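Take a look at the structure below.
2 protein chains.
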Amino acid sequence: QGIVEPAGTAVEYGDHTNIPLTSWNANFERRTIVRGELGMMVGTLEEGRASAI
Amino acid sequence: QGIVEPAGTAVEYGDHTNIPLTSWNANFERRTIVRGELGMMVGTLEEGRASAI
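As given, the protein sequences belong to chains E and G, one line each in that order. Each residue of the first sequence is one higher than the one before, starting from 119 at the first, in the authors' numbering. Each residue of the second sequence is one higher than the one before, starting from 119 at the first, in the authors' numbering.
Pasting the structure below:
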């Protein structure tokens, strides 16, 4: 994601006075993706024994 | 600018008595050109103030 951030300020008027100017400054932000995992395993005898209950 | 300076004179007339001739001789003169400059500067705020009076 990005940002804009404008800038600038004014002065009093004059015929031969210099000219003030404005600008801006953009920035960016980042986030990180995290992954997880989980598994399982069943045996033949334990599966049959657990079915008794 | 130039000048011509013509020349010639009469000899009195007669048949078979030659023909006088005329001529000229030119000269020239030169001069130099001089140029000058002048300007003005008017501001927007200055212009309006003068228009009041």
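Beta carbons are placed, not taken as given, at the ideal position from N, Cα and C, and that holds for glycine.
Which residues mark the beginning and the end of the alpha helix (DSSP H) in which residue i is found?
i, result
"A168/G", "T162 to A170"
Do you know how far the Cα of residue j is from the Cα of residue i?
i, j, result
"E123/G", "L139/G", "15 angstroms"
"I171/G", "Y131/E", "22 angstroms"
"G161/E", "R153/E", "28 angstroms"
"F146/E", "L156/E", "34 angstroms"
"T150/E", "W142/E", "27 angstroms"
"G166/G", "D133/E", "12 angstroms"
"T127/G", "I137/G", "11 angstroms"
"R148/E", "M159/E", "38 angstroms"
"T135/E", "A144/E", "30 angstroms"
"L163/G", "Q119/E", "46 angstroms"
"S169/G", "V129/E", "26 angstroms"
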